[PDB]
Each structure stands twice: as C-alpha cells, then as structure tokens.
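> Please find the sequence and an experimentally derived structure below.
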Amino acid sequence: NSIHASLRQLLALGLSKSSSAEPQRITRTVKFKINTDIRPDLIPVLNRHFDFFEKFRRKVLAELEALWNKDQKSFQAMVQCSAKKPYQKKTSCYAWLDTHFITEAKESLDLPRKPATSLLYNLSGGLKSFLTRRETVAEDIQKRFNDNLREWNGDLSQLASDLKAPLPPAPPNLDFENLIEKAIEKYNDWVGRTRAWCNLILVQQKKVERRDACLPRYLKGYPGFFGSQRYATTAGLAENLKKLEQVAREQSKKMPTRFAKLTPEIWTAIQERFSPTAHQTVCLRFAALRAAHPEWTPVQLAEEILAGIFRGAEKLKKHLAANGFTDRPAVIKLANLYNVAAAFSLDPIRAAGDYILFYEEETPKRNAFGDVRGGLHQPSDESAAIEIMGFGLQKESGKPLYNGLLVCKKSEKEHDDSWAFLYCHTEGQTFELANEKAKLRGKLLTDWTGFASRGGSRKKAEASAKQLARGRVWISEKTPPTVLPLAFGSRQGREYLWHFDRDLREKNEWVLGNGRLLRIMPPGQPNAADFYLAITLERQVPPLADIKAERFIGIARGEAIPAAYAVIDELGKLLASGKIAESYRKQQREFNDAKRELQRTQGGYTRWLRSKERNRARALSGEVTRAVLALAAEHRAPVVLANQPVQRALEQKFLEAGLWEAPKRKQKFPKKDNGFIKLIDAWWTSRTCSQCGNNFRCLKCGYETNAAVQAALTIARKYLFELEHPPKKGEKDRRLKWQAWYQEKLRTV
DNA sequence: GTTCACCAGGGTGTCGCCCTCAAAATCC
DNA sequence: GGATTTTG
RNA sequence: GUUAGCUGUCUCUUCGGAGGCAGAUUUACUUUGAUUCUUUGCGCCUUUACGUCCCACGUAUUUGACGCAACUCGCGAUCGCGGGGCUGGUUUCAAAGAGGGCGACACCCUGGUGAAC
C-alpha cells in the first residue's frame, strides 16, 4: 500500500522484463543536516567562510554588472564563448572568469582558490540562464510593443478622434536591437500613464463605456542581472520610521502657509474630506474642535490638530524606543499617525486641484510610509550555498581532486555507525585514501571509510567510467580538514546510505555526484544559523519495459477534490472508483484566510504560515502518488492523466521502477504515454454524460453524480478512443467522432 | 459602498533557466 | 609534494 | 513512534499460504494528516472600543511589546551557555521528501489620488 511497497511491487515486473535498452540514470539528493547542536564550534567557522564567499561574490558581481552595463555584446561574447568562438583566447565562460578573477587578480583573494573557483563555476551557469531568458523574453516584449503601436494608430486614436477626447502623449521607443532595461522602464511608465487616462476618460465616463478602451499592454518579463534583487539593501524598520518622521514634520512645517490663504470653497472642501483609525480619529477631533471653537480661523485648527497628532507620535515612538520595534500594533499606529499628519498638512494643495504639485509633494511621504509598512512584514530568510565540485581522485593516487569527502566510521556494533563530512578550506588541510598498511609521510590514519569517485570524465577521449571508490582515510597531521557531523533520519539512511540493495559500503549502485554546503539564516542575525549538506547521488534504474496492459487507471484533477480515480479494464467497464484528499481545498482555504487576516490585523504572519501552503502541496502530491501507485500496482495498470508536482512525482516514481523514460535531450515535448504514464487532451471529458454521453447533473437524461469521479472515468474510457482513431496535426476538433465512438461502445456494451 | 485605473511598499507560490568533474601540465 | 592553472 | 522486503509465535486449519500479535528494520533531517491531556504569571508601556476632544486621567477583563521569575527542553561543567510557551507543548497513531542558484510572473495585505456606479 505504501509508495515504497507498491514501488517494489512494480519493480517485481519492471526489472522482471527482457529489454535491450540501456539503463537510465536518476539524480537524487540526500540533504543531510550539519549537527551544529552537538558541535557548535563550527558555527563561527562556517559563518566566516560563507562571509568570505559572499564578499567575493558581491565583488565579482560588481565588476560583472559594470561590464554588462558598459557594453552588452562583449558580455554576451564572454558568457557564450565556445572552442569555436573563443573570447580572449578562452573557450568557456568559466575559464575566462577563472583567469580574470584569480590568475590575473591583483590583491590576494580572502577566499581559498577551490571555493572561489566553484563560485565562478556556479556563476557561469547563472549568467548563461540570464542571457537565455533575455533571448526568450525579447520576442514576446517586441510582440507587445508592436501590438501597442498598431493599437495607437487606428483603434485608440480613431476612438478618441471620433469621440472628441484629446489624445494623451505618444509611446516612447525601445531600441530593440541592443535591448536595455531603462528603455523598457520608460515605455512601461508611459503604458501606465495612458492606461490610467483610458479608464477614466472612456470606461469610467465622458466616453463610450467599452471595457477594452484599447488599454495598451505592459512589456513584461525582462530579467534582472544576477543578484540585482538578491543584494538590494533595505533599511531597518527604525530607519524607515525616522525617514517617515522627518518627512511628515517637513510637510507640517509648511502647513500654516497653506492654511493662511484658504478660500471659503476650499475650506468647505477640506471640511468635507474630514467629515465623519488615524484618519477617522483625526476627523472626530476635527468635528470636536469645529463645534467647540466656531470663533477660530482654519489655521489655528490645523495647527492644534497637527500638534495633537505629533504628540501622539511622541508617545508612540517613546514606547517604541523603550520597548523595541517588535510591538507591531504600536508601529502600525505610529506609521498611520505620520501618514495622517502629512495627509492633513498637504490637504489644501489636493483640495485646490493642483494634483501635479500634490503628487511631487507627497512622493517623500509616499515612499517613506511604503517603506515602513513593507518592513512591518517579516523578511524572507537568507540562503547561501557553497559547492564541492567533485569527489574524484588523482589517478593512481587516491589523492583528492577537490576539498570534500563523505566519511563513515563503521563500528563493530550493528546499530552504531557514524557519518560525517570532511571539508578543506584553510591552508594545509589534506586528506587521502590509502590502505592501512600503505604508510604515508606527514599523514595520520583514521577509522573513517571515505567515498570518493574514479572516472566519469566528460572529455570524449578522457571519458573513463565513473566508479564508487572507497578506502581508508589519511588526514594531514599539522592541519587536518574540518569535520561536519551529520543528522539525517532512518528513512533517509535506509534509502541512500544502507539500502538493502545499494549499501554504500558493500554495493556499487550509487555514485557520488557533488556536494553543497548550505546556510539558512534570518537576515541580520548569523548566530542562529542552520547548516545543511546536500550530496547528489546517481544510479542506474531498470531499462523501460514493453507492457501489454489489460487494465488502465484514469485520474482527473483541478476541482475541490485534487484527484479522483476510476479503475477500468481493457474493455472500459468500471472496476472501482474513489477520491483522494477531499479536505485539501478546504484546509488550504482556511490557511489562506488566516494569512489574509494576519496581514490585515498586524501586517504579516510570523512563524509557519509562511511555508505551510507549500508543505501542504508537497503532502498532497505524496498522497495522490501513493493512491495512484497502489491502484496501478494492484491492477498492473498504466495511469491516464490530462494534459504539475503530482505529474512529476508520478513519472519519477514510474521511471525509478523502469516503467517511464526520463526526458531525452532536446525533445521538449513529452511522449503522451511512456510506460504507465499516459497523457490525453482534457477535451470533451468532464462534459459528456456518463450514462449517455453529451456535482454533475446531465440534461439529456437527468443523471446526477460526482463531477470528479465521472470525469476520471471518462478520461480512462477516452484513452481507449484514440486507439482506433489516431489524431493528426492541424486537426483538433473531433467531437462528432468521439461521441459516435462513445455511443457505439455504449450500445455494444 | 463597491469597481476600475494609476502610484508606493512588502509577503508568498509557481515557473524559467540554470547546474549536480575529471584530469593534465606547470610552478614554488 | 603540494599548489596553481587551464580545459573539455 | 511508524510510513523495509525480517524474525518469533497464535490461529485460520486438511487446500493454497493467510490474517492477528510481538519485537526488527543503524540517526536523531525537512514536512503532511488525524488524535489524548494541558491555556505560565507579576510588573512597565502600548493597541481596538466608551466617555472627552488630543496629551492626560478613568474604565473593558480589548490587541500586543519589553523586563523578572515558574516551567519545559538542548548544551557543557551545584552552576553556566542557548531555545519555546497556543501559529504551542504533549500522548497515541498513519503517511511523504532531489536539491541548489538567480530571476520573472501571479496573487494577497496596507496606504494614496481620481473617477464611475
């Protein structure tokens, strides 16, 4: 019944086949945890190493961004240089970066060369992704640009001229051949201005109320350079509050000048704006002071009101300073007090109709209040990653190529072995794999058994096979490497470390790919940091089969019920049905509502609502895959779906058993059926009546049943339809045939 | 009192676009 | 010998 | 705690091997869902309501934040170093996980201007 149980039961007929195909690989991560609870002295060391890593990353990104902004063709040449098209005698992006930032470095890097080199290796892939994304985005952005231009010549212009409304300014130009960020932002600013014009001028009123109104489209999706968002600094809450304070005071020091020149009409409008929490309470005091003192000029009332507002701000901020900026009710009220003070001070300009000056007067207050209100939310956690590039050894040596080894201290007891990680970053830290009797100079022998690699070279001529190399570990005497104790949980070690069929110490099924140090931190506090170790392992899984199924399973998704199933035979008559996780949508809605009310009442959600939804999505994928796999194993049946995490988990599980083929290179389209997984178009499926073929209620017969279950049964019974009537490219409408086949089957059986 | 447009700030969830070393020669 | 460097 | 395919037993019974119980199943990670019992409290300030009209002064048994101690845990040697106290801890359970980087988009919350209805 378990995913493992049905997976093994499916292996019992996945590796029980006879196929001439090559075995396929699967890449998986173990994701240990660095035991910083029992070994806390590693916290400052790991933090300092990650700090040097981040300093070097920021420095390199500064130069790379200056180079991208200087000119962009040279940057494109550097990032995409190949042996055919080298850049400065370099054949890859990472080679160029290695000489420029390490070999040709002037000042000694504070990072050791291997971590710095791995950083540049990761950064090369980051840059390549950024350039590929620009390449894909630019086409759609040009499409939007042309759409706007052709709308602004014969549709919006014609509408405005035929309805007497003057045409606002024209669109700017994007310079498409060397597309740059600032031109896009200029164009988007114009787009926003004119979309505001169109709704008010036409859809709101004074023109024909056509919802469209030719509102021009935004140009969307242009990528940020690497790190632009990652390393964009934002001030603390206290500093934003100080900025808001000074802005509000500066707006309230110009108030008497604006109130001394009030016409009766403007004064009446100002009274209307504040005619009956910070806004409302100030309105209430406004009414109180109007009624109690009718013998006062508006200047005196505004002066007293703002004095009161700022006295409240005085007490609020005194409380904040004496009790920290974590009393978010106080912060909300203080922010609101400055906001309302500024609004009332700037009211005469707004009421006079000088909105052009009003906006540019409000801009400091607008930005400061936005900053404070945003900082009220808890910032996203900071995550960093340092890679160990490989585990191979120097040929004929047992000497590492890189600075990290997974080690295991096998005990003499059955349930007391230990695992750790050796990491070299400091100078003089060396480990080696040699047998106990093969003595070495300047090294100590240890009880660790180490897992290294041998072979796997990517060079055609140099490409020897990869193999798990293990042996006894010698460490440097003077300066030994750093030990990272591990904590992982039996379900994991049972899976990757000592599996019945693939124990690391006795079998040769897994091969170490690489490693990654990880740090997860709450921004602004490193002393409480979470450190993980991610090791990527690879193994062969059985070759894909050639199954002859007489059972099939249909599944429908996208409703209150995440997944509903309906087992069928080869003829198509139902054998079972049900639904999976029928409470998921309700629980998800409850969590969403809790998040929204937390956002309102206090600004944000402090602890686990942040990741809950995503966790529930993962749990839902697990449950759905379990149910489907158990049914398929029960009936030896391929599953049928409709044309994302659930789909991915299902195909991963089926390929690990040898019943699905992972993506080929290129081949971006997937095969509709690959072993058990079948894919069909969700067309004419959830509408056709089960009892006839046209909560769900039929109109041609009056049948009523569950929409999800009938949809699943229809999907399962529709896979059979294309068996005799294969589809063709260019043709998509097959409702007639489909209905004819369905009714013919219903009549026959 | 709700709807729309626009402006400012922040959060999250999903997707795009990225990867998951070895091995040889030279230098200090 | 260990480290640097380049490269596919 | 479990989400390993083991082992030892009791019955089913002869039929096929097939149901229950006990322990296995190395680590202690990141999660999900049920389920049992349990609301730390003493000051100083602040929030949303009522009066009062803001500062202030009262009063709900109103939202919270700091400090001190009760507890719970980890930690190292009676004491010190750290974490949590309802978005909790705790008992029984029954079930998942391949990770990292950098961006973009979608939605949500608040504020602001204008207009339409």
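Arrived safely, thanks for sending. Numbering: from 1, shown residues only, chains lettered A, B, ... in the order given.
> Off-centre distance for the helix or strand hosting residue A:138?
According to DSSP states H and E, residue A:138 maps onto helix A:113-154. Offset of helix A:113-154 from its chain centre (C-alpha atoms, centre = their mean, to the nearest Å): 17 Å.
> and that helix with DNA strand B, contact?
Yes: applying C-beta under 7 Å from any atom of the strand, one finds that helix A:113-154 is in contact with DNA strand B at A:121, A:124-126, A:128-129, A:131-133, A:136-137. Placement of C-beta: from N, CA and C, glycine included.
> any idea which residue sits dead centre in chain A?
For chain A, residue A:614 is the residue whose C-alpha lies nearest the centre (C-alpha atoms, centre = their mean; 10.6 Å).
> Check whether it sits in a helix, strand or coil.
In three-state terms, and counting by DSSP: H, G, I helix; E, B strand; the rest coil, residue A:614 is helix.
> For residue A:346, pull up the helix or strand it's in.
Secondary structure from DSSP H and E places residue A:346 in helix A:328-351.
> Please identify the buried residues of the helix or strand just after that helix?
On the C-terminal side of helix A:328-351, the closest following helix or strand by DSSP H and E is helix A:355-375. Judged by neighbour count (16 or more other C-beta atoms under 10 Å), helix A:355-375 contains these buried residues: A:358, A:361-362, A:364-365, A:368-369, A:371-373, A:375.
> One more: stretch A:317-330?
Judged by neighbour count using 16+ other C-beta under 10 Å, the buried positions of stretch A:317-330 are A:317, A:320, A:325, A:328, A:330.
> Kindly reformat the residues you listed as a markdown table and extend each row with distance to residue A:475.
Output for the buried residues of stretch A:317-330, formatted as a markdown table (distance: C-beta to C-beta, whole Å):
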| residue | distance to residue A:475 |
| --- | --- |
| A:317 | 57 |
| A:320 | 53 |
| A:325 | 48 |
| A:328 | 51 |
| A:330 | 56 |
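> out of these, what pair is the most spread apart?
Maximum pairwise distance among the buried residues of stretch A:317-330 (C-beta to C-beta): 14.2 Å, between A:317 and A:328.
> still on that earlier bit, for the helix holding residue A:346, buried residues please.
By neighbour count on 16+ other C-beta under 10 Å, the buried set for helix A:328-351 is A:328, A:330-351.
> does RNA strand D sit close to it?
Yes: if you take C-beta under 7 Å from any atom of the strand as the test, helix A:328-351 does meet RNA strand D, through A:328-330, A:332-333, A:336-337, A:339-340, A:343, A:350.
> which of those residues lies closest to residue A:623?
Closest approach to residue A:623 among the residues of helix A:328-351 next to RNA strand D (C-beta to C-beta): residue A:328, at 36.4 Å.
> where's that closest one relative to residue A:237, distance?
9 Å (C-beta to C-beta, to the nearest Å).
> in the helix or strand containing residue A:736, what's buried?
Here residue A:736, judged by DSSP H and E, is contained in helix A:735-748. Buried residues in helix A:735-748, counted by 16+ other C-beta under 10 Å: A:738, A:741-742, A:745.
> Now residue A:319, what are its backbone angles?
Here is the backbone geometry of residue A:319 (degrees, to the nearest 10): phi -60, psi -40.
> What sits closest to residue A:258 if chain neighbours are left out?
Sequence neighbours aside, residue A:348 is the residue nearest to residue A:258 in space, at 4.0 Å (criterion: C-beta to C-beta, 6 or more residues apart in numbering).
> swap in residue A:738?
Spatially, and ignoring its direct neighbours in sequence, residue A:738 is nearest to residue A:684 (5.5 Å; C-beta to C-beta, 6+ apart).
> That neighbour: which element?
Counting by DSSP H and E, residue A:684 is found in no helix or strand.
> My guess is it contacts residue A:733. True?
No: between residue A:684 and residue A:733 there is no contact under C-beta atoms under 8 Å: 9.7 Å.
> Neighbour count: the two, which is higher?
For residue A:684 versus residue A:733, neighbours defined as other C-beta atoms under 10 Å are more numerous around residue A:684 (18 against 9).
> Quick one: residues contacting that one.
Shown in contact with residue A:684 (C-beta atoms under 8 Å, 6 or more residues apart in numbering): A:718, A:734-735, A:738-739.
> List just the nearest of those residues to RNA strand D.
Nearest to RNA strand D among these: residue A:718, at 28.2 Å, using C-beta to the nearest atom of the strand.
> does the closest one really touch residue A:686, like I thought?
No: judged on C-beta under 8 Å, residue A:718 makes no contact with residue A:686 at a distance of 10.7 Å.
> These two: which has the busier surroundings?
Taking other C-beta under 10 Å, residue A:718 and residue A:686 do not tie; residue A:718 has more neighbours (23 against 18).
> Confirm that one sits in a strand?
No: counting by three-state DSSP, residue A:718 is located in no strand; its state is helix.
> Please see if stretch A:389-398 touches RNA strand D.
No: if you take C-beta under 7 Å from any atom of the strand as the test, stretch A:389-398 misses RNA strand D, and the best it gets is 12.4 Å.
> Flag every buried residue along that stretch.
Neighbour-count burial for stretch A:389-398, with 16+ other C-beta under 10 Å as criterion, is recorded at A:389-393, A:398.
> Format those as CSV; extra columns: distance to DNA strand B.
Below are the buried residues of stretch A:389-398 laid out as CSV (distance: C-beta to the nearest atom of the strand, whole Å):
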residue, distance to DNA strand B
A:389, 5
A:390, 2
A:391, 5
A:392, 3
A:393, 7
A:398, 12
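> Against DNA strand C, how distant is residue A:93?
10 Å (C-beta to the nearest atom of the strand, to the nearest Å).
> Spell out which residues of the stretch 401-550 of chain A are next to DNA strand C.
For the stretch 401-550 of chain A, the residues in contact with DNA strand C (C-beta under 7 Å from any atom of the strand) are A:427-430, A:442-443, A:457-460.
> Contacts for stretch A:527-535, please.
Here stretch A:527-535 makes contact (C-beta under 8 Å, 6+ apart) with A:29-34, A:36, A:42-43, A:46-47, A:406, A:421, A:484, A:486, A:512-522.
> Mind checking which of those residues are buried?
Of the contacts of stretch A:527-535, these count as buried by 16+ other C-beta under 10 Å: A:30, A:32-34, A:36, A:42-43, A:46, A:406, A:421, A:484, A:486, A:512-519, A:521.
> so which of the residues you listed also contact DNA strand B?
Contacts with DNA strand B within the buried ones among the contacts of stretch A:527-535, counted by C-beta under 7 Å from any atom of the strand: A:513-514.
> Filter the buried ones among the contacts of stretch A:527-535 down to just the ones in helices.
If you go by DSSP state H, the buried ones among the contacts of stretch A:527-535 have A:42-43, A:46 in helices.
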